[PDB]
Structure formats: C-alpha cells, structure tokens
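For reference, the chains in residue letters:
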Amino acid sequence: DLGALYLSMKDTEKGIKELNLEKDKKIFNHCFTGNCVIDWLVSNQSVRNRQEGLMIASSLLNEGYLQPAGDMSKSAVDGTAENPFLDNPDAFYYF
C-alpha cells in the first residue's frame, strides 16, 4: 500500500531524513531531494534497483503524498506531467 510506505517515510529513523529546511522567511517542512527517496527505498525491502524505486516514488507524488519544491519540478508538472517525480538533486521534494 502506498499509504503504508509513505507513513514509514514519515517515521523517525526508519523513514527518510526528516530535516527542517529553512531559508529566509519560509520553513520547508522536511525538504529533501528526488534522488534521496530513491536511495532510501532501494536501501529498504521495497525496491532493489534505482529504476524500481524511481517508479514507486513516482506514484507517491502522483497521489499527492509529496510536495514539489523549486522552479524545476514546478516546470515539470506545468506542461507534460508524464514524469512528475524527478530523480535529480536540483529538484526538491518536501512533506
């Protein structure tokens, strides 16, 4: 279930690296990168290859679990939303 796995990421250590990413006047609640979720998922029993963890994470955001951050991801979901989740460090994805 996508809801179960997502909740696992929202955990403490078992999940991703929940870290408050602050900038100027905004505090990105647990802001990370796209390639991050891929490495975490791959490190777990969910997926093995980078491709497997990439498609799984794709659904996650597609459902609205994740939240895109930056102009990169904002442009990806603008035109062709065929590929919402980006496995690049340039694209941000917080909770």
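Residues numbered from 1 in each chain as written, not as in the entry; some residues may be left out. Heavy atoms only, no water.

For this deposited structure, the header cites solution NMR as the method used.

Looking at the PDB entry, one finds the protein named PLECKSTRIN and attributed to Homo sapiens. Per the PDB header, the entry is named "Structure of the human pleckstrin DEP domain by multidimensional NMR".

Asks: Can you break down the nonpolar core residue by residue, with the values?
Replies: Grouped together as the largest cluster of nonpolar side chains are 21 residues, with contacts concentrated most on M9, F32, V37, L41, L66, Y93 and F95. When residues no more than four places from it in sequence are discounted, the contact partners of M9 are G15, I16, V37, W40, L41, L60 and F95. (Core = buried A, V, L, I, M, F, W, Y, C linked by side-chain atoms within 4.5 Å. Buried < 20%, exposed > 50% of the residue type's maximum accessible area, 1.4 Å probe, protein only. Contact = heavy atoms within 4.5 Å.)

Asks: Run through the side chain of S73, naming residues and quoting values.
Replies: Counting through the fold element by element, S73 comes out in helix α4 (residues 71-76). Beyond its immediate sequence surroundings of up to four residues, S73 is in contact with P68, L86, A91, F92 and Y93. (Helix = DSSP H or I, 4+ residues; strand = E, 2+ residues; numbered from the N terminus.)

Asks: Quick one: what's the story with unusual backbone geometry, residue by residue and with numbers?
Replies: Positive phi values are uncommon outside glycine, yet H30 reaches one of about 55°. Residue placement: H30 occurs in the loop between β2 (27-28) and β3 (31-33).

Asks: Got a sec to walk through the packing of aromatic side chains? Specific residues and values, please.
Replies: Under the definition given, this model contains 5 aromatic pairs. Judged by centre distance (4.8 Å) and plane angle (25°), the ring pair of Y6 and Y65 falls under stacked. In this pair, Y6 is assigned in helix α1 (residues 2-9) and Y65 in the loop between α3 (50-63) and β4 (67-69), connecting sequence segments 59 residues apart. We classify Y65 as partly exposed; its relative accessible area is 23%. One aromatic cluster is present, formed by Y6, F32, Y65 and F95 through successive ring pairs. (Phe/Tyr/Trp six-rings, centres within 6.5 Å; stacked < 30°, edge-to-face > 60°.)

Asks: Before we move on, can you summarise the sheet that holds β4 with the specific residues and values?
Replies: Taken together, 3 strands build an open sheet; the order of strands is β3-β5-β4 and the sheet is antiparallel. At either margin of the open sheet sits one strand with a lone partner, and together these are β3 and β4. Adjacent strand axes in the sheet meet at a mean angle of 40°, parallel and antiparallel pairs treated alike. Two elements, β3 and strand β5 (residues 92-94), share 3 bridges in a ladder whose sense is antiparallel. When the bridges of β5 are listed, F32 appears paired with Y93. Of the strands in this sheet, β3 and β5 are in contact with helix α2 (residues 34-43), which crosses β3 at around 75°. (Pairing = 2+ DSSP bridges. Axes fitted to C-alpha atoms, helices over the stretch in contact; angles between N-to-C directions.)

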